[PDB]
């Protein structure tokens, strides 16, 4: 029943997210049983990743270059910016192997329920990328959560002042889904925004 140096590893493991008490408890032990090196590997990593954390110059992404392989390359149109939230979104998006523009990660979303609001999210710096208006279109592709929508709903308030196209990601019926199992809200959007064949 959890001696010190352990009632903290736990205490601090169970602050990581998707890590319940259960888990911080279970997980902590496996750890004390790993061979020393392994723990030092683990530990170093947790701290090396942080000591070398590279933020993109243009797009605030987390590549290992000062300027991301996406923002470098001269085929990518630095004039359509695709807003997102997470380094991970960016990989998702590039898998559609169709995007031409460049990204702007914000590193989260605006949920006054997790510990956040405009400041902690790279919005301030997004505006400055278009302050000169040498971007034709922003594409705000966060999630269609109340997460995503907050942020988007009004990032697009702020991009009003500038001479830009502020397009939002399309909402509707996923492909390979069918109408019989689709939510009533997904459905009404799908319906009231019908893409005139």
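Residue numbers count along the first chain shown, from 1.
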Comparing 85-93 with 115-123, the one whose average Cα B-factor in the PDB entry is higher
115-123
Comparing average C-alpha B factors as deposited, tell me which of 133-141 and 154-162 sits higher.
154-162
For the chain shown, is the CA B-factor of residue 76 in the lowest, middle or highest third of its modelled residues?
middle
Compared with the other modelled residues in the chain, in which third is the CA B-factor of residue 62?
highest
Ranking the modelled residues of this chain by C-alpha B-factor as given in the entry, is residue 180 in the lowest, middle or highest third?
highest
Would the CA B-factor of residue 53 place it in the lowest, middle or highest third of its chain?
middle
Going by the CA temperature factor in the PDB record, which third of the chain does residue 45 belong to: lowest, middle or highest?
middle
